[PDB]
Amino acid sequence: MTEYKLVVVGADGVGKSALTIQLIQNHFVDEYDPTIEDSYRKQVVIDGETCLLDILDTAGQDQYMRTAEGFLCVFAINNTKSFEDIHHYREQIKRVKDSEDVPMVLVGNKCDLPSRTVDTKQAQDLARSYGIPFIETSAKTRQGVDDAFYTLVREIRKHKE
Amino acid sequence: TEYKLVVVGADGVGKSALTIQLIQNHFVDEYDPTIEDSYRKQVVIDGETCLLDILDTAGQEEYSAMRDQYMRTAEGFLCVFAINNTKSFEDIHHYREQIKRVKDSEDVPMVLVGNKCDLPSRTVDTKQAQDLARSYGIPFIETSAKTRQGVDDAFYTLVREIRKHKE
Ligand SMILES: Nc1nc2c(ncn2[C@@H]2O[C@H](COP(=O)(O)OP(=O)(O)O)[C@@H](O)[C@H]2O)c(=O)[nH]1
Ligand SMILES: Nc1nc2c(ncn2[C@@H]2O[C@H](COP(=O)(O)OP(=O)(O)O)[C@@H](O)[C@H]2O)c(=O)[nH]1
Ligand SMILES: [Cl-]
Ligand SMILES: [Cl-]
Ligand SMILES: [Mg+2]
Ligand SMILES: [Mg+2]
Ligand code: NA
């Protein structure tokens with residue numbers, strides 16, 4: 001069965017662990033140790049194809065990063081600094097993958113929050129700069145959560161051929 | 001405000017890991033199964049600074065200067081099973097019944113905890129526990145001592161049940 005190796009990267013506190021646990025256990029985790037980096041597997045159905053998602057939830061202190069096929073690059077919309085940090089993440093990815101075409105999705109998490117400091121336009125301009133999709137999500141409400149992971153899986157499928 | 005909390009449950013469910021996690025904010029891999037002790041922590045709950053005193057049970061077959069006077073002063077109980085341990089779950093009724101008797105009451109502030117929710121080998125599903133917890137009319141919270149998931153939720157919910165019971 002087709003196993004996808006997905007990595008979630010981003011500044012700490014943007015919701016990398018909440019996003020993953022949401023997809024895995026379908027619950028919003030209020031508290032999750034920021035230091036715990038781990039892999040989680042889930043069988044999903046994406047476009048009528050069943051597959052196994054292997055997700056590395058990074059805590060950012062390399063079997064996975066060498067075999068990884070797709071990246072979620074996560075900022076929080078209430079956290080300008082995390083957004084500023086995105087370029088750092090993009091650059092590390094292009095290196096660990098020695099390529100300029102790595103399947104990648106820009107994720108703006110915490111979209112249930114009213115205190116936005118990063119607008120959709122800013123992030124679409126970044127995502128267009130990279131030529132990747134932008135998806136707005138909330139780990140707490142499930143907004144765009146499947147869309148983010150499934151859009152990455154769809155990017156991988158294009159890249160495989 | 002001091003809250004006197006007791007953690008009860010079968011051997012191996014993570015009573016000591018849960019407590020140490022709340023107290024010292026780290027996951028203890030090994031803790032002597034036989035050590036029953038009280039741990040104090042100043043926390044802020046709902047804007048209220050409060051001293052949480054926690055009696056971590058080990059089913060002491062010896063003397064415990066605390067449980068002797070703890071069970072007489074105790075205000076709130078965590079009833080802990082592990083989700084990968086059907087037997088520990090089956091044991092919950094035993095614990096609930098023993099509590100009502102040591103406290104000679106039908107209204108003891110109490111929370112049902114399903115620990116080691118980080119494990120994929122679950123033998124007790126959310127519904128079974130919510131049905132047990134509803135039978136007792138208490139909250140169910142799923143936790144992992146290892147990831148901190150729901151740990152503050154469990155303890156803070158118990159403190160909130162106590163506050164309701166006090167008035
Ligand atoms: N309101 C809200 N809080 C979120 C969201 N995602 C994560 N959080 C919270 O933000 C905090 C940090 O998230 P966490 O997943 O631990 O961050 P990480 O370092 O990227 O793994 C926690 O208190 C989460 O519950 C979200 O979409 N909405
Ligand atoms: N995976 C997992 N293991 C846990 C968790 N809590 C405790 N453990 C382990 O389970 C065992 C029993 O935990 P302990 O706190 O000593 O249990 P007690 O006998 O109820 O006091 C130890 O190996 C702990 O490391 C948890 O949340 N997740
Ligand atoms: Cl690097
Ligand atoms: Cl496209
Ligand atoms: Mg995390
Ligand atoms: Mg113990
Ligand atoms: Na077991």
# chains A, B, ... in the order shown; residues from 1 in each chain; ligands from 1
$ interface_residues --of "chain A" --to "chain B" --cutoff "6 Å" --atoms "only C-alpha atoms" --output "ChimeraX atom specification"
/A:31-33
$ closest_atom_pairs --of "chain A" --to "ligand 1" --cutoff "9 Å" --atoms "only C-alpha atoms and all ligand atoms" --output "CSV"
residue,atom,partner,partner_atom_place_in_ligand_line,distance
A:8,CA,ligand 1,20 (O),8.6
A:9,CA,ligand 1,20 (O),7.8
A:10,CA,ligand 1,20 (O),6.4
A:11,CA,ligand 1,20 (O),6.2
A:12,CA,ligand 1,19 (O),3.4
A:13,CA,ligand 1,17 (O),3.5
A:14,CA,ligand 1,20 (O),4.1
A:15,CA,ligand 1,15 (O),3.3
A:16,CA,ligand 1,20 (O),3.6
A:17,CA,ligand 1,21 (O),3.9
A:18,CA,ligand 1,15 (O),3.8
A:19,CA,ligand 1,6 (N),6.4
A:20,CA,ligand 1,15 (O),8.3
A:21,CA,ligand 1,15 (O),8.6
A:28,CA,ligand 1,25 (O),7.0
A:29,CA,ligand 1,25 (O),5.6
A:30,CA,ligand 1,25 (O),3.7
A:31,CA,ligand 1,23 (O),5.5
A:32,CA,ligand 1,16 (O),4.8
A:33,CA,ligand 1,16 (O),6.5
A:34,CA,ligand 1,19 (O),4.7
A:35,CA,ligand 1,19 (O),7.7
A:36,CA,ligand 1,21 (O),8.3
A:37,CA,ligand 1,21 (O),8.6
A:57,CA,ligand 1,21 (O),7.4
A:58,CA,ligand 1,21 (O),7.5
A:59,CA,ligand 1,19 (O),6.3
A:60,CA,ligand 1,19 (O),8.8
A:74,CA,ligand 1,20 (O),7.8
A:75,CA,ligand 1,20 (O),8.4
A:76,CA,ligand 1,6 (N),8.0
A:108,CA,ligand 1,27 (O),8.9
A:109,CA,ligand 1,27 (O),5.1
A:110,CA,ligand 1,27 (O),3.5
A:111,CA,ligand 1,27 (O),6.1
A:112,CA,ligand 1,28 (N),5.8
A:113,CA,ligand 1,1 (N),5.7
A:137,CA,ligand 1,27 (O),6.4
A:138,CA,ligand 1,27 (O),3.4
A:139,CA,ligand 1,27 (O),3.8
A:140,CA,ligand 1,27 (O),4.8
A:141,CA,ligand 1,27 (O),7.1
A:142,CA,ligand 1,27 (O),8.0
A:143,CA,ligand 1,27 (O),8.2
$ select_by_dssp --residues "stretch 12-131 of chain B" --states "alpha helix (DSSP H)" --output "ChimeraX atom specification"
/B:15-24,67-73,86-90,92-102,126-131
$ write_last_selection --atoms "N, CA and C atoms" --output "compact mmCIF listing (two decimals), in the first residue's frame"
# COMPACT_ATOMS: atom_id res chain seq x y z
N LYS B 15 -0.44 6.54 37.28
CA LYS B 15 -0.80 7.43 38.38
C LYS B 15 0.38 8.32 38.78
N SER B 16 1.59 7.75 38.87
CA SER B 16 2.81 8.46 39.26
C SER B 16 3.36 9.31 38.12
N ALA B 17 3.23 8.82 36.88
CA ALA B 17 3.68 9.55 35.70
C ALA B 17 2.82 10.79 35.50
N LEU B 18 1.50 10.63 35.71
CA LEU B 18 0.55 11.72 35.58
C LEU B 18 0.86 12.84 36.58
N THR B 19 1.06 12.47 37.85
CA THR B 19 1.32 13.39 38.95
C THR B 19 2.63 14.14 38.74
N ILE B 20 3.72 13.41 38.46
CA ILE B 20 5.04 13.98 38.24
C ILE B 20 5.04 14.91 37.03
N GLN B 21 4.24 14.55 36.02
CA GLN B 21 4.07 15.37 34.83
C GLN B 21 3.48 16.72 35.24
N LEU B 22 2.38 16.71 36.01
CA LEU B 22 1.75 17.93 36.49
C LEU B 22 2.68 18.72 37.41
N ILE B 23 3.44 18.02 38.27
CA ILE B 23 4.27 18.66 39.27
C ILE B 23 5.54 19.23 38.62
N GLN B 24 6.31 18.34 37.96
CA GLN B 24 7.68 18.62 37.55
C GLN B 24 7.78 18.82 36.04
N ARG B 67 -2.00 9.15 53.54
CA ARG B 67 -3.32 8.59 53.12
C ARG B 67 -4.22 8.45 54.35
N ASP B 68 -3.65 8.08 55.50
CA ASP B 68 -4.45 7.89 56.74
C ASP B 68 -5.30 9.14 56.99
N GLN B 69 -4.67 10.31 56.79
CA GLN B 69 -5.29 11.63 57.06
C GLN B 69 -5.68 12.28 55.74
N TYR B 70 -5.17 11.73 54.65
CA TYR B 70 -5.53 12.25 53.31
C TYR B 70 -6.96 11.87 52.96
N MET B 71 -7.30 10.60 53.10
CA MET B 71 -8.65 10.10 52.75
C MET B 71 -9.71 10.76 53.64
N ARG B 72 -9.29 11.35 54.76
CA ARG B 72 -10.23 11.97 55.68
C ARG B 72 -10.43 13.45 55.32
N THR B 73 -9.47 14.01 54.57
CA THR B 73 -9.47 15.43 54.21
C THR B 73 -9.71 15.61 52.71
N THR B 86 -7.83 -3.13 29.41
CA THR B 86 -9.22 -3.44 29.68
C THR B 86 -9.44 -3.74 31.16
N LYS B 87 -8.52 -4.48 31.80
CA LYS B 87 -8.64 -4.91 33.19
C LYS B 87 -8.68 -3.74 34.17
N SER B 88 -7.80 -2.74 33.94
CA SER B 88 -7.70 -1.52 34.73
C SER B 88 -9.02 -0.76 34.67
N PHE B 89 -9.66 -0.80 33.49
CA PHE B 89 -10.96 -0.20 33.27
C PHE B 89 -12.03 -0.94 34.09
N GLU B 90 -11.97 -2.29 34.07
CA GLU B 90 -12.94 -3.13 34.77
C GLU B 90 -12.86 -2.89 36.27
N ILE B 92 -12.40 0.01 37.67
CA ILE B 92 -12.82 1.36 38.03
C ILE B 92 -13.95 1.34 39.06
N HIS B 93 -14.93 0.44 38.88
CA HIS B 93 -16.09 0.37 39.76
C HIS B 93 -15.67 0.15 41.21
N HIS B 94 -14.71 -0.76 41.41
CA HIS B 94 -14.06 -1.06 42.68
C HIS B 94 -13.60 0.24 43.34
N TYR B 95 -12.90 1.08 42.57
CA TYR B 95 -12.34 2.33 43.05
C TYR B 95 -13.44 3.33 43.41
N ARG B 96 -14.45 3.46 42.53
CA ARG B 96 -15.55 4.38 42.77
C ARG B 96 -16.26 4.02 44.08
N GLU B 97 -16.50 2.72 44.28
CA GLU B 97 -17.27 2.24 45.43
C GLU B 97 -16.48 2.46 46.71
N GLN B 98 -15.17 2.20 46.66
CA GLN B 98 -14.30 2.36 47.81
C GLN B 98 -14.22 3.84 48.22
N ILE B 99 -14.25 4.75 47.23
CA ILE B 99 -14.25 6.19 47.48
C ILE B 99 -15.51 6.61 48.24
N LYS B 100 -16.68 6.24 47.71
CA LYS B 100 -17.95 6.63 48.36
C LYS B 100 -17.91 6.19 49.82
N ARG B 101 -17.36 5.01 50.11
CA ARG B 101 -17.27 4.48 51.50
C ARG B 101 -16.21 5.21 52.33
N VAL B 102 -15.03 5.47 51.82
CA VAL B 102 -14.05 6.16 52.69
C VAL B 102 -14.56 7.58 52.96
N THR B 126 -13.52 5.37 23.55
CA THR B 126 -14.00 6.60 24.17
C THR B 126 -15.43 6.41 24.66
N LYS B 127 -16.24 5.70 23.89
CA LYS B 127 -17.69 5.56 24.19
C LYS B 127 -17.92 4.79 25.48
N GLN B 128 -17.21 3.68 25.66
CA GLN B 128 -17.34 2.85 26.88
C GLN B 128 -17.05 3.69 28.12
N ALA B 129 -16.03 4.54 28.06
CA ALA B 129 -15.61 5.37 29.20
C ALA B 129 -16.59 6.51 29.46
N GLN B 130 -17.09 7.13 28.40
CA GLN B 130 -18.07 8.23 28.51
C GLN B 130 -19.37 7.66 29.10
N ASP B 131 -19.69 6.41 28.76
CA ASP B 131 -20.91 5.74 29.28
C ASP B 131 -20.71 5.40 30.76
$ residues_near_ligand --ligand "ligand 7" --cutoff "9 Å" --atoms "only C-alpha atoms and all ligand atoms" --output "JSON, numbers by chain"
{"B": [12, 13, 82, 83, 84, 85, 86, 87, 121]}
$ write_last_selection --atoms "N, CA and C atoms" --output "short mmCIF file (atom, residue, chain, number, x, y, z; two decimals), in the first residue's frame"
data_model
loop_
_atom_site.label_atom_id
_atom_site.label_comp_id
_atom_site.auth_asym_id
_atom_site.auth_seq_id
_atom_site.Cartn_x
_atom_site.Cartn_y
_atom_site.Cartn_z
N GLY B 12 -0.04 0.36 37.19
CA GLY B 12 0.52 0.41 35.84
C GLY B 12 -0.22 1.37 34.91
N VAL B 13 -1.24 2.07 35.43
CA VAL B 13 -2.08 2.93 34.60
C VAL B 13 -1.44 4.31 34.39
N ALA B 82 -5.93 2.86 32.02
CA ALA B 82 -5.18 3.01 30.78
C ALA B 82 -5.99 2.40 29.63
N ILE B 83 -5.95 3.08 28.47
CA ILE B 83 -6.83 2.78 27.36
C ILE B 83 -6.36 1.51 26.66
N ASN B 84 -5.18 1.01 27.05
CA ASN B 84 -4.56 -0.17 26.47
C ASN B 84 -4.64 -1.32 27.48
N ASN B 85 -5.59 -1.21 28.41
CA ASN B 85 -5.65 -2.09 29.58
C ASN B 85 -7.09 -2.21 30.05
N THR B 86 -7.83 -3.13 29.41
CA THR B 86 -9.22 -3.44 29.68
C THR B 86 -9.44 -3.74 31.16
N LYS B 87 -8.52 -4.48 31.80
CA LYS B 87 -8.64 -4.91 33.19
C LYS B 87 -8.68 -3.74 34.17
N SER B 121 -2.35 0.90 20.73
CA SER B 121 -2.96 -0.39 21.14
C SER B 121 -4.10 -0.15 22.14
#
$ residues_around --residues "stretch 111-114 of chain B" --least-positions-apart "3" --cutoff "8 Å" --atoms "only C-alpha atoms" --output "ChimeraX atom specification"
/B:77-83,117,129,133,138-143,154,157-158
$ write_last_selection --atoms "C-alpha atoms" --output "short mmCIF file (atom, residue, chain, number, x, y, z; two decimals), in the first residue's frame"
data_model
loop_
_atom_site.label_atom_id
_atom_site.label_comp_id
_atom_site.auth_asym_id
_atom_site.auth_seq_id
_atom_site.Cartn_x
_atom_site.Cartn_y
_atom_site.Cartn_z
CA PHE B 77 -10.46 11.99 43.11
CA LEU B 78 -8.85 11.14 39.79
CA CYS B 79 -9.95 7.65 38.77
CA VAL B 80 -7.36 6.50 36.27
CA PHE B 81 -7.40 3.59 33.83
CA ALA B 82 -5.18 3.01 30.78
CA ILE B 83 -6.83 2.78 27.36
CA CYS B 117 -3.98 7.86 24.96
CA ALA B 129 -15.61 5.37 29.20
CA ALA B 133 -18.49 8.39 33.38
CA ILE B 138 -18.66 12.64 36.22
CA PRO B 139 -16.40 14.00 33.41
CA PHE B 140 -14.22 11.75 31.23
CA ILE B 141 -10.82 13.08 30.12
CA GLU B 142 -8.29 11.26 27.88
CA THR B 143 -4.67 11.94 28.82
CA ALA B 154 -7.88 16.37 34.08
CA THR B 157 -11.56 19.83 35.81
CA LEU B 158 -11.35 18.08 39.19
#
$ residues_near_ligand --ligand "ligand 3" --cutoff "8 Å" --atoms "only C-alpha atoms and all ligand atoms" --output "list in words"
residues 91, 92, 93, 95 and 96 of chain A
$ residues_near_ligand --ligand "ligand 4" --cutoff "8 Å" --atoms "only C-alpha atoms and all ligand atoms" --output "list in words"
residues 132, 133 and 155 of chain A
$ closest_residue --among "B:29, B:125, B:56, B:2" --to "ligand 6" --atoms "only C-alpha atoms and all ligand atoms"
B:56
$ residues_near_ligand --ligand "ligand 6" --cutoff "7 Å" --atoms "only C-alpha atoms and all ligand atoms" --output "list in words"
residues 14, 15, 16, 31, 32, 33, 34, 35, 36, 56, 57 and 58 of chain B
$ residues_around --residues "residue A:158" --least-positions-apart "6" --cutoff "12 Å" --atoms "only C-alpha atoms" --output "PyMOL selection string"
chain A and resi 69-70+101-104+151-152
$ write_last_selection --atoms "N, CA, C and O atoms" --output "short mmCIF file (atom, residue, chain, number, x, y, z; two decimals), in the first residue's frame"
data_model
loop_
_atom_site.label_atom_id
_atom_site.label_comp_id
_atom_site.auth_asym_id
_atom_site.auth_seq_id
_atom_site.Cartn_x
_atom_site.Cartn_y
_atom_site.Cartn_z
N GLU A 69 8.76 13.08 1.42
CA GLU A 69 8.29 13.30 0.06
C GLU A 69 7.56 14.64 -0.06
O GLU A 69 7.49 15.19 -1.15
N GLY A 70 7.02 15.14 1.06
CA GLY A 70 6.24 16.36 1.06
C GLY A 70 6.30 17.08 2.41
O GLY A 70 6.43 16.44 3.45
N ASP A 101 12.19 21.63 -6.69
CA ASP A 101 10.82 21.14 -6.79
C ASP A 101 10.56 20.10 -5.70
O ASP A 101 10.52 18.90 -5.97
N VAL A 102 10.40 20.56 -4.45
CA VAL A 102 9.89 19.71 -3.38
C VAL A 102 8.40 20.00 -3.21
O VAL A 102 8.00 21.15 -3.02
N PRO A 103 7.52 18.96 -3.26
CA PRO A 103 6.10 19.12 -2.94
C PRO A 103 5.96 19.76 -1.55
O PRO A 103 6.57 19.30 -0.59
N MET A 104 5.21 20.86 -1.49
CA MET A 104 5.20 21.70 -0.31
C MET A 104 3.90 22.51 -0.29
O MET A 104 3.40 22.93 -1.33
N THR A 151 -3.88 18.15 -0.10
CA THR A 151 -3.26 18.99 -1.15
C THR A 151 -1.78 18.61 -1.28
O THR A 151 -1.31 18.53 -2.40
N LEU A 152 -1.11 18.32 -0.16
CA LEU A 152 0.32 17.92 -0.19
C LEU A 152 0.45 16.55 -0.85
O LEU A 152 1.40 16.35 -1.60
#
$ select_by_dssp --residues "stretch 21-122 of chain A" --states "strand (DSSP E)" --output "JSON, numbers by chain"
{"A": [38, 39, 40, 41, 42, 43, 44, 45, 46, 49, 50, 51, 52, 53, 54, 55, 56, 57, 70, 71, 72, 73, 74, 75, 76, 104, 105, 106, 107, 108, 109]}
$ closest_residue --among "B:91, B:167, B:155, B:132" --to "residue B:41" --atoms "only C-alpha atoms"
B:155
$ residues_around --residues "residue B:49" --least-positions-apart "4" --cutoff "12 Å" --atoms "only C-alpha atoms" --output "list in words"
residues 1, 2, 3, 41, 42, 43, 44, 45 and 159 of chain B
$ write_last_selection --atoms "N, CA and C atoms" --output "PDB file, in the first residue's frame"
ATOM      1  N   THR B   1      -5.994  28.915  49.091  1.00  0.00           N
ATOM      2  CA  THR B   1      -6.860  27.744  48.775  1.00  0.00           C
ATOM      3  C   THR B   1      -5.985  26.526  48.484  1.00  0.00           C
ATOM      4  N   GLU B   2      -6.109  25.497  49.330  1.00  0.00           N
ATOM      5  CA  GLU B   2      -5.477  24.210  49.080  1.00  0.00           C
ATOM      6  C   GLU B   2      -6.533  23.187  48.662  1.00  0.00           C
ATOM      7  N   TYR B   3      -6.296  22.533  47.517  1.00  0.00           N
ATOM      8  CA  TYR B   3      -7.120  21.423  47.048  1.00  0.00           C
ATOM      9  C   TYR B   3      -6.414  20.105  47.354  1.00  0.00           C
ATOM     10  N   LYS B  41       1.838  21.561  44.484  1.00  0.00           N
ATOM     11  CA  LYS B  41       2.216  22.516  43.416  1.00  0.00           C
ATOM     12  C   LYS B  41       1.304  23.741  43.454  1.00  0.00           C
ATOM     13  N   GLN B  42       1.905  24.923  43.414  1.00  0.00           N
ATOM     14  CA  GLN B  42       1.094  26.151  43.286  1.00  0.00           C
ATOM     15  C   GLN B  42       0.800  26.300  41.800  1.00  0.00           C
ATOM     16  N   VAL B  43      -0.473  26.412  41.470  1.00  0.00           N
ATOM     17  CA  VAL B  43      -0.879  26.544  40.050  1.00  0.00           C
ATOM     18  C   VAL B  43      -1.830  27.731  39.967  1.00  0.00           C
ATOM     19  N   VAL B  44      -2.136  28.185  38.760  1.00  0.00           N
ATOM     20  CA  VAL B  44      -3.188  29.231  38.618  1.00  0.00           C
ATOM     21  C   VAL B  44      -4.328  28.602  37.808  1.00  0.00           C
ATOM     22  N   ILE B  45      -5.506  28.512  38.413  1.00  0.00           N
ATOM     23  CA  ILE B  45      -6.666  27.886  37.727  1.00  0.00           C
ATOM     24  C   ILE B  45      -7.823  28.885  37.683  1.00  0.00           C
ATOM     25  N   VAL B 159     -10.593  20.231  40.030  1.00  0.00           N
ATOM     26  CA  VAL B 159     -10.561  21.379  40.917  1.00  0.00           C
ATOM     27  C   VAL B 159     -11.860  22.164  40.749  1.00  0.00           C
TER      28      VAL B 159
END
$ decode --residues "stretch 141-162 of chain B" --atoms "N, CA and C atoms" --output "compact mmCIF listing (two decimals), in the first residue's frame"
# COMPACT_ATOMS: atom_id res chain seq x y z
N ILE B 141 -11.92 12.43 30.81
CA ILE B 141 -10.82 13.08 30.12
C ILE B 141 -9.74 12.08 29.71
N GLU B 142 -9.36 12.10 28.42
CA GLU B 142 -8.29 11.26 27.88
C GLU B 142 -6.95 12.01 27.98
N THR B 143 -5.95 11.31 28.50
CA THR B 143 -4.67 11.94 28.82
C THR B 143 -3.51 11.07 28.37
N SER B 144 -2.35 11.72 28.23
CA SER B 144 -1.11 10.99 28.15
C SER B 144 -0.08 11.70 29.01
N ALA B 145 0.48 10.94 29.97
CA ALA B 145 1.49 11.44 30.89
C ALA B 145 2.75 11.78 30.10
N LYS B 146 2.91 11.09 28.96
CA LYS B 146 4.08 11.17 28.08
C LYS B 146 4.06 12.43 27.22
N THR B 147 2.90 12.84 26.70
CA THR B 147 2.78 14.01 25.79
C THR B 147 2.19 15.26 26.49
N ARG B 148 1.69 15.13 27.72
CA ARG B 148 1.04 16.23 28.49
C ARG B 148 -0.41 16.45 28.02
N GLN B 149 -0.84 15.68 27.03
CA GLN B 149 -2.22 15.78 26.51
C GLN B 149 -3.27 15.58 27.59
N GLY B 150 -4.06 16.61 27.81
CA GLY B 150 -5.22 16.54 28.68
C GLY B 150 -4.87 16.46 30.16
N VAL B 151 -3.58 16.61 30.51
CA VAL B 151 -3.13 16.45 31.89
C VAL B 151 -3.62 17.60 32.76
N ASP B 152 -3.47 18.85 32.29
CA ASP B 152 -4.00 20.01 33.00
C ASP B 152 -5.52 19.98 33.01
N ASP B 153 -6.09 19.53 31.89
CA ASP B 153 -7.53 19.38 31.75
C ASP B 153 -8.09 18.46 32.84
N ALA B 154 -7.40 17.35 33.12
CA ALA B 154 -7.88 16.37 34.08
C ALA B 154 -7.91 16.95 35.49
N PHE B 155 -6.76 17.47 35.90
CA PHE B 155 -6.56 18.05 37.21
C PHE B 155 -7.38 19.33 37.41
N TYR B 156 -7.47 20.18 36.37
CA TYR B 156 -8.17 21.45 36.52
C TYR B 156 -9.69 21.24 36.54
N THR B 157 -10.16 20.23 35.80
CA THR B 157 -11.56 19.83 35.81
C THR B 157 -11.96 19.34 37.20
N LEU B 158 -11.05 18.61 37.86
CA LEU B 158 -11.35 18.08 39.19
C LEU B 158 -11.46 19.22 40.19
N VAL B 159 -10.59 20.23 40.03
CA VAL B 159 -10.56 21.38 40.92
C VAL B 159 -11.86 22.16 40.75
N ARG B 160 -12.34 22.25 39.50
CA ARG B 160 -13.58 22.93 39.14
C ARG B 160 -14.80 22.19 39.69
N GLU B 161 -14.73 20.85 39.78
CA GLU B 161 -15.81 20.05 40.35
C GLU B 161 -15.89 20.30 41.86
N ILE B 162 -14.72 20.39 42.52
CA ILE B 162 -14.60 20.68 43.94
C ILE B 162 -15.25 22.03 44.26
